[PDB]
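Quick setup: one chain, the form deposited without the ligand, written in structure tokens, and binding and motion questions come after.
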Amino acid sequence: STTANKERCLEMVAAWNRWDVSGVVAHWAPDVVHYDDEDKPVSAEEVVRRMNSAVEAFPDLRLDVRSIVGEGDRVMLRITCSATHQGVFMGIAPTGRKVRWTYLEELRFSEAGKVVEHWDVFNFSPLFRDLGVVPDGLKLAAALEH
């Protein structure tokens, strides 16, 4: 149901919060499709690579569910992210800075309750309010997205 679907989404966020990427991936159908913010398919390979890099880059990554609504087979979330940049992120040498952004997710679920479709949207206001529009903000924003 919708209720189970929402709880599944909280479980994936719980897995992110322990820095456990395969705990997240365990919720995907094996034929899951991942999309851009603009509905273009992104390879599973690249999605996982980005997730791994985030875990290595951000030892204290925290995902704060700010809102969550479900209907039928779909769920959407608004999540505030924060972290200290202490490991390499997508080739970017660690800066030591406190970084924040807003991360927006739409998931569609199969009757069996596995993710069949996933869309990522980012809002980077919090990143540039802080880091104040520096080269660092630009490079990090560009590496967090497809």
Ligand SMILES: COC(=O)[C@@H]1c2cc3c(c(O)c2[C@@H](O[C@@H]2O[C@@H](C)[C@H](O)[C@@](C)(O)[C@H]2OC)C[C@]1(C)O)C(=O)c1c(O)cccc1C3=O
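One-based numbering along the sequence shown. In this text, rigid core is short for the largest set of C-alphas that superpose within 1.5 Å between two forms.
We do not show the form deposited with the ligand bound, though everything after this point is about it.
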property	result
Any non-hydrogen atom of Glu105 within 4.5 angstroms of the ligand in the entry with it bound	yes
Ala15, heavy atom within 4.5 angstroms of the ligand in the entry with it bound	no
Contact test in the entry with it bound: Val99 vs the ligand, heavy atoms, 4.5 Å	no
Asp120, heavy atom within 4.5 angstroms of the ligand in the entry with it bound	yes
In the entry with it bound, the residue from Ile92, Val47, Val116, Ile68 that sits within 4.5 Å of the ligand by heavy atoms	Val47
In the entry with it bound: members of 51 to 76 within 4.5 Å of the ligand, any heavy atom	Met51, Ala54, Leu61, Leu63
Residue showing a 2 Å-or-more C-alpha displacement between this form and the one not shown once the rigid core is overlaid, selected from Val47, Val116, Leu61, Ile92	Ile92
Exceeds or equals 2 Å, Cα of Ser125 between this form and the one not shown, core fit	yes
